[PDB]
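In what follows, a structure is listed as structure tokens, so that the remarks can point back to it.
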RNA sequence: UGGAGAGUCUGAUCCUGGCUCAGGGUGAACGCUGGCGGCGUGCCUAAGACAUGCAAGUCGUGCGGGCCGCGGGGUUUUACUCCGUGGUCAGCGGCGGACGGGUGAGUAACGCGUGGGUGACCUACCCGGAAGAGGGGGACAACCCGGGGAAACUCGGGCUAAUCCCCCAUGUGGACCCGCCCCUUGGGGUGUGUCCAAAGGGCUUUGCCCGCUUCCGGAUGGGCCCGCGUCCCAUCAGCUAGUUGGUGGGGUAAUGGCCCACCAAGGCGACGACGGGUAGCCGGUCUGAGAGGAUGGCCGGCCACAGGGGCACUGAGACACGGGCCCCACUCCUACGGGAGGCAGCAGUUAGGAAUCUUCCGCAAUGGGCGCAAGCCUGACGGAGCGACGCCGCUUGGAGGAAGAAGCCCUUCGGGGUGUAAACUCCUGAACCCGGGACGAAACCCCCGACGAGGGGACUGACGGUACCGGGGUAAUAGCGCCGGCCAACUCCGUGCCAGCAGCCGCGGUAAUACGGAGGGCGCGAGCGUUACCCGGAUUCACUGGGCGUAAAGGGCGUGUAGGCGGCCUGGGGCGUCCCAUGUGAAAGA
Ligand SMILES: [Mg+2]
Ligand SMILES: [Mg+2]
Ligand SMILES: [Mg+2]
Ligand SMILES: [Mg+2]
Ligand SMILES: [Mg+2]
Ligand SMILES: [Mg+2]
Ligand SMILES: [Mg+2]
Ligand SMILES: [Mg+2]
Ligand SMILES: [Mg+2]
Ligand SMILES: [Mg+2]
Ligand SMILES: [Mg+2]
Ligand SMILES: [Mg+2]
Ligand SMILES: [Mg+2]
Ligand SMILES: [Mg+2]
Ligand SMILES: [Mg+2]
Ligand SMILES: [Mg+2]
Ligand SMILES: [Mg+2]
Ligand SMILES: [Mg+2]
Ligand SMILES: [Mg+2]
Ligand SMILES: [Mg+2]
Ligand SMILES: [Mg+2]
Ligand SMILES: [Mg+2]
Ligand SMILES: [Mg+2]
Ligand SMILES: [Mg+2]
Ligand SMILES: [Mg+2]
Ligand SMILES: [Mg+2]
Ligand SMILES: [Mg+2]
Ligand SMILES: [Mg+2]
Ligand SMILES: [Mg+2]
Ligand SMILES: [Mg+2]
Ligand SMILES: [Mg+2]
Ligand SMILES: [Mg+2]
Ligand SMILES: [Mg+2]
Ligand SMILES: [Mg+2]
Ligand SMILES: [Mg+2]
Ligand SMILES: [Mg+2]
Ligand SMILES: [Mg+2]
Ligand SMILES: [Mg+2]
Ligand SMILES: [Mg+2]
Ligand SMILES: [Mg+2]
Ligand SMILES: [Mg+2]
Ligand SMILES: [Mg+2]
Ligand SMILES: [Mg+2]
Ligand SMILES: [Mg+2]
Ligand SMILES: [Mg+2]
Ligand SMILES: [Mg+2]
Ligand SMILES: [Mg+2]
Ligand SMILES: [Mg+2]
Ligand SMILES: [Mg+2]
Ligand SMILES: [Mg+2]
Ligand SMILES: [Mg+2]
Ligand SMILES: [Mg+2]
Ligand SMILES: [Mg+2]
Ligand SMILES: [Mg+2]
Ligand SMILES: [Mg+2]
Ligand SMILES: [Mg+2]
Ligand SMILES: [Mg+2]
Ligand SMILES: [Mg+2]
Ligand SMILES: [Mg+2]
Ligand SMILES: [Mg+2]
Ligand SMILES: [Mg+2]
Ligand SMILES: [Mg+2]
Ligand SMILES: [Mg+2]
Ligand SMILES: [Mg+2]
Ligand SMILES: [Mg+2]
Ligand SMILES: [Mg+2]
Ligand SMILES: [Mg+2]
Ligand SMILES: [Mg+2]
Ligand SMILES: [Mg+2]
Ligand SMILES: [Mg+2]
Ligand SMILES: [Mg+2]
Ligand SMILES: [Mg+2]
Ligand SMILES: [Mg+2]
Ligand SMILES: [Mg+2]
Ligand SMILES: [Mg+2]
Ligand SMILES: [Mg+2]
Ligand SMILES: [Mg+2]
Ligand SMILES: [Mg+2]
Ligand SMILES: [Mg+2]
Ligand SMILES: [Mg+2]
Ligand SMILES: [Mg+2]
Ligand SMILES: [Mg+2]
Ligand SMILES: [Mg+2]
Ligand SMILES: [Mg+2]
Ligand SMILES: [Mg+2]
Ligand SMILES: [Mg+2]
Ligand SMILES: [Mg+2]
Ligand SMILES: [Mg+2]
Ligand SMILES: [Mg+2]
Ligand SMILES: [Mg+2]
Ligand SMILES: [Mg+2]
Ligand SMILES: [Mg+2]
Ligand SMILES: [Mg+2]
Ligand SMILES: [Mg+2]
Ligand SMILES: [Mg+2]
Ligand SMILES: [Mg+2]
Ligand SMILES: [Mg+2]
Ligand SMILES: [Mg+2]
Ligand SMILES: [Mg+2]
Ligand SMILES: [Mg+2]
Ligand SMILES: [Mg+2]
Ligand SMILES: [Mg+2]
Ligand SMILES: [Mg+2]
Ligand SMILES: [Mg+2]
Ligand SMILES: [Mg+2]
Ligand SMILES: [Mg+2]
Ligand SMILES: [Mg+2]
Ligand SMILES: [Mg+2]
Ligand SMILES: [Mg+2]
Ligand SMILES: [Mg+2]
Ligand SMILES: [Mg+2]
Ligand SMILES: [Mg+2]
Ligand SMILES: [Zn+2]
């Protein structure tokens, strides 16, 4: 089976490409608590269909370019920017804690 | 090579009669007779209360020195007993009692342990028709432990089997005295042995 | 070419071979595709050769090439006997 | 010293020139054909595209282009000819291509 | 099926707390000691430098010759010339030098592990199936001729064969553009058009064997892509210009900023970016009650490299350890113009080092390369050698033998100890001598049968006259550590804060069981101690399994971002969670 993932689009600014953020839940290998990691994937959007805040299913594909090995399957849930605002705010926090 | 030297000196240090000498441990010369105290200059001095390790140590030697085995083969036999299913205590004894050199003595073919060792080592013992010259060879239940007809005319063999006439053998053994045969029926149980050794003491010696 | 041959698993002066399907390029004791039997040359046991012919018959269909010694043993278990 | 594996090296330079020669022919003819297609001569570009194709499939007969490598150049050629032949098309010879 | 503790801070106590010890482990080294054999193992440092030898070749059943020789021919003789044959050498051509073998440098990475994708692909030889091989043409070596150079070698001219190269045909079929159909990323089919096939050799020469060509499929091997896991430092916090994406092209077996042009301004980071340090990774191994910690030698799998760096050629396959080109360092030859090299292949030398082996036998076995075969090659491998380096088995005697010799040791001077230990009596018979003497080996081949099944027959050893069996047969190596407590074993003399012991606490400054010797004793025993290193005890990084009032430890206080956490009732979903089936979890190990 081609690996399939479900995540939220956090970036519209590329051409024919959207950045999809896929969370992951799994218990810690020693300390046993449930931890939530996440990883951004570069998805291929040929028709520029999907927008910011859309929750989509991503699927393992023949590589389109560097860093782009996944295509967008279908739109699960449309337009929930709260998931995007959660990402922006954390990214915005890195302007502090420098000097 | 196993320990070779004064033996009835070790009858004394253990405080218990050690029949490694064969005869003369029965006659009142064993030096367990009228000399039960340990050897050395301080043997007659009052002994201090032994430490909890002191007791465990002496009990192992009391058992090990009885079969006449180096600690190397001894320890390995223990580590084998702990893994197998059953009571580590009794299983270890049955494994010692399965030593060919020990079975030879137990069968009365030889007077002592050391003597039964030499009889095996020189090939005078037959196991199921073949010669077996290894004292460490483990006998399985049902094997026939015989005397090589090459040695059946030896005066030392006809000597010990002469006193074995009418003598009874252990319940896990049986022997034909004329044809100089013998058979290992089953592994002896804890009750089958009268060895003056607490086995839990020896196990407790190895937990450390 | 995929071959059928032996692999030495015994000890010094005590050889024990594993009749084995492997690519000719791998080591004679290296990784192999499938273990299709064993061979005791010194004939120390009552059963010193076993094959599972119908498996050996498969690999000959897909083009495995047996050694002269492998073919000799395969014939002894009747891989080629066609009656 | 003096291993006769040097015999292989001596042959290597033989085959070197052979492969090099055929390739320089493929390229020079292909560029000559696509020149005419761009220049609108429909017959001459076709009469050349044939010999280019024949030279290609002949190179694959040996150890030069053996794989689908021959097909790529054959594919790329017939497309660019037909494409460039779309400037007052009139595919005169019509030999190499399909109706 | 499995879990032990102890010493040390006080005058004494409890607690906290570090240190230390008993246990196991090692590719070990060192000290003393050292008998036999089996199986393992053996440069951990300089990926430093290497003498010499060997480590990849084979095919005359692809082709034409050179040299040395023999025989038979055309001739009256000669000259010249034809044919067969033997040796030998390379050359042209085919297959293999990409496997096998070595190393751990570089790599923190799709390198490895694990589970998947390939509608984005390749695969020599082998197997199955379909089909075909018609005609013509040409060159380069060998060889012959000339020249240059000290050499390595190199330049020019001429003749020639082929399973070398080329043209045309035949189109089973395949390739390509375009259309159509079905599938759905480049998968399959179909149509028109265009393009593409080939080689002979051998005989028991009318038929068969070794080969050749196109296509489809299998098998095996592999490329690329993805989820996840993969050491320390935040006293590394910001990184990034082909960098992120797009369109088109180049290149590849094949996707892709892999490369190129142009366009857009993006991509990554506190869930550790970037940098720095360190390191091949795993199966496993050691340890541990376990969780865990440590490690990756040997063997097996993957990877990376071949003096350092870069590069391609040839090919199914390499950017190639024993192939090529170039730069650099080093060593050798040099006629100073220029050349030859590359043990991290097996031994072996040197250097470094505490430390790591023979310049051994063999093609008999197994495996690989080439060949119709016979056979050839194989420092892969199988064996031997050395080293207690590890494991295991085995010997240095067995039995009788004094209320108990000598000597040494202590003594209450009565005696006690070494001690059945020795002497000595009897029996056995490690070594060693003599004879027999292997398994590992049956195919390949030959013969019958059709070169099949099947049957039949014959040659074939390193180890090695070793293993083993039978006979003969001698009493025939013991060592090392420790004895104040943990910790098992005590007295005397010697020395007087000296000489020294010491893992920790501590001993010795005139009676020392702690120093040094003796007697004696304890522990192991062909070993015994030691040092280093790993885990253990250590619940002393506490997930299992700890703490912060005064012992080490609450931030000076607040606000609040991210994150972590979430009252009661119903319902959908079924991500976490739980259950069943299945695939996987190589082999070895355990
Ligand atoms: Mg967009
Ligand atoms: Mg693109
Ligand atoms: Mg889609
Ligand atoms: Mg910023
Ligand atoms: Mg145990
Ligand atoms: Mg069980
Ligand atoms: Mg048990
Ligand atoms: Mg019984
Ligand atoms: Mg234990
Ligand atoms: Mg391989
Ligand atoms: Mg068959
Ligand atoms: Mg029949
Ligand atoms: Mg039939
Ligand atoms: Mg050649
Ligand atoms: Mg040109
Ligand atoms: Mg190529
Ligand atoms: Mg038990
Ligand atoms: Mg239980
Ligand atoms: Mg139970
Ligand atoms: Mg357990
Ligand atoms: Mg103190
Ligand atoms: Mg105290
Ligand atoms: Mg205090
Ligand atoms: Mg004090
Ligand atoms: Mg403590
Ligand atoms: Mg230790
Ligand atoms: Mg050896
Ligand atoms: Mg090294
Ligand atoms: Mg050789
Ligand atoms: Mg010839
Ligand atoms: Mg003549
Ligand atoms: Mg005539
Ligand atoms: Mg003449
Ligand atoms: Mg001729
Ligand atoms: Mg000749
Ligand atoms: Mg030749
Ligand atoms: Mg090479
Ligand atoms: Mg290799
Ligand atoms: Mg090695
Ligand atoms: Mg790094
Ligand atoms: Mg990094
Ligand atoms: Mg992976
Ligand atoms: Mg990764
Ligand atoms: Mg994988
Ligand atoms: Mg010609
Ligand atoms: Mg010709
Ligand atoms: Mg010439
Ligand atoms: Mg010429
Ligand atoms: Mg044609
Ligand atoms: Mg057709
Ligand atoms: Mg057509
Ligand atoms: Mg021809
Ligand atoms: Mg050809
Ligand atoms: Mg396949
Ligand atoms: Mg990572
Ligand atoms: Mg650019
Ligand atoms: Mg592109
Ligand atoms: Mg544009
Ligand atoms: Mg992350
Ligand atoms: Mg490194
Ligand atoms: Mg364990
Ligand atoms: Mg770890
Ligand atoms: Mg690791
Ligand atoms: Mg390794
Ligand atoms: Mg390099
Ligand atoms: Mg080097
Ligand atoms: Mg290099
Ligand atoms: Mg090739
Ligand atoms: Mg390479
Ligand atoms: Mg080399
Ligand atoms: Mg050399
Ligand atoms: Mg030195
Ligand atoms: Mg060796
Ligand atoms: Mg062949
Ligand atoms: Mg050779
Ligand atoms: Mg070897
Ligand atoms: Mg006396
Ligand atoms: Mg005696
Ligand atoms: Mg005698
Ligand atoms: Mg044999
Ligand atoms: Mg035989
Ligand atoms: Mg042969
Ligand atoms: Mg015939
Ligand atoms: Mg036959
Ligand atoms: Mg011989
Ligand atoms: Mg004998
Ligand atoms: Mg003696
Ligand atoms: Mg101890
Ligand atoms: Mg004590
Ligand atoms: Mg001392
Ligand atoms: Mg004095
Ligand atoms: Mg004093
Ligand atoms: Mg004194
Ligand atoms: Mg003293
Ligand atoms: Mg002393
Ligand atoms: Mg002493
Ligand atoms: Mg031993
Ligand atoms: Mg520790
Ligand atoms: Mg712990
Ligand atoms: Mg614990
Ligand atoms: Mg600590
Ligand atoms: Mg906790
Ligand atoms: Mg819990
Ligand atoms: Mg605490
Ligand atoms: Mg405090
Ligand atoms: Mg406060
Ligand atoms: Mg404070
Ligand atoms: Mg809740
Ligand atoms: Mg929540
Ligand atoms: Mg579920
Ligand atoms: Mg397994
Ligand atoms: Mg198994
Ligand atoms: Zn006694």
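Protein chains in written order, with the UniProt record's numbering: chain C, 2 to 100; chain P, 2 to 209; chain F, 1 to 83; chain R, 8 to 106. Every residue gets a Cβ at the ideal spot worked out from N, C-alpha and C, and that includes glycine.
Under the Cβ criterion (8 angstroms, minimum of three pairs), the region 67-86 of chain R counts as touching the region 21-36 of chain R. With at least 16 other beta carbons inside 10 angstroms of its own, residue 103 (chain P) counts as buried. In the three-state scheme derived from DSSP, where H, G and I count as helix and E and B as strand, residue 64 (chain R) is classed as helix.
In the structure shown, the three-state DSSP call for residue 177 (chain P) is coil. In this structure, the straight-line span from the alpha carbon of residue 16 (chain F) to that of residue 183 (chain P) is close to 37 angstroms.
Between residue 41 (chain R) and residue 87 (chain R), the gap from beta carbon to beta carbon is short of 8 angstroms.
For ligand 3, no non-hydrogen atom lies closer than 7 angstroms to the CB of residue 99 (chain R).
According to the DSSP assignment, residue 9 (chain C) belongs to the beta strand (DSSP E) that extends over 5-12.
Bounds of the alpha helix (DSSP H) holding residue 92 (chain P) are 89-97. Note that the C-beta distance between residue 206 (chain P) and residue 84 (chain P) is not below 8 angstroms. Nearest Cα to residue 12 (chain F) within the set F:55, F:72, F:42 and F:54: F:42.
Cβ contact annotation for residue 203 (chain P) (same chain, cutoff 7 angstroms, sequence separation greater than five): 60, 61 and 64, in chain order. C-alpha of residue 127 (chain P) to C-alpha of residue 110 (chain P): approximately 12 angstroms in a straight line.
By the C-beta criterion, the region 54-67 of chain R is judged to be in contact with the region 32-40 of chain R, since at least 3 inter-stretch pairs fall below 8 angstroms. Between the region 38-46 of chain C and the region 66-83 of chain C, the count of Cβ pairs shorter than 8 angstroms is three or higher; the stretches touch.
Assigned with DSSP and collapsed to three states, residue 70 (chain C) falls in strand.
Taking the Cβ atoms as the reference, residue 63 (chain R) lies roughly 18 angstroms from residue 100 (chain R), outside the contact range of under 8 angstroms.
In this structure, DSSP gives residue 44 (chain F) a state outside helix and strand, which the three-state scheme calls coil. Sorting P:73, P:66 and P:170 by C-alpha distance to the C-alpha of residue 5 (chain P) places P:66 at the top. In the structure shown, residue 45 (chain C) falls within a strand segment according to DSSP collapsed to helix, strand and coil. Nearest Cα to residue 12 (chain P) within the set P:3, P:39, P:24 and P:29: P:39. Cβ neighbours of residue 175 (chain P) within its own chain (closer than 7 angstroms, five residues either side excluded): 184 and 186.
Judged by DSSP secondary structure, residue 32 (chain R) falls within the alpha helix (DSSP H) whose first and last residues are 13-45. Note that the C-beta distance between residue 57 (chain C) and residue 77 (chain C) is below 8 angstroms. The Cβ-Cβ distance between residue 77 (chain F) and residue 49 (chain F) falls below 8 angstroms. Taking a C-beta distance under 8 angstroms as the contact criterion, residue 36 (chain F) and residue 20 (chain F) qualify as a contact pair. The way I'd put it, the region 45-52 of chain P doesn't touch the region 86-100 of chain C; fewer than three beta-carbon pairs between them come closer than 8 angstroms.
Note on residue 45 (chain F): under 16 other CB atoms within 10 angstroms of its CB, so exposed under the neighbour-count rule. Residue pairing by DSSP puts residue 14 (chain F) in a beta bridge opposite F:11. Cβ contact annotation for residue 24 (chain C) (same chain, cutoff 8 angstroms, sequence separation greater than five): 8, 37, 38 and 39, in chain order. Closest in alpha carbon position to residue 72 (chain F), among F:82, F:39 and F:30, is F:39.
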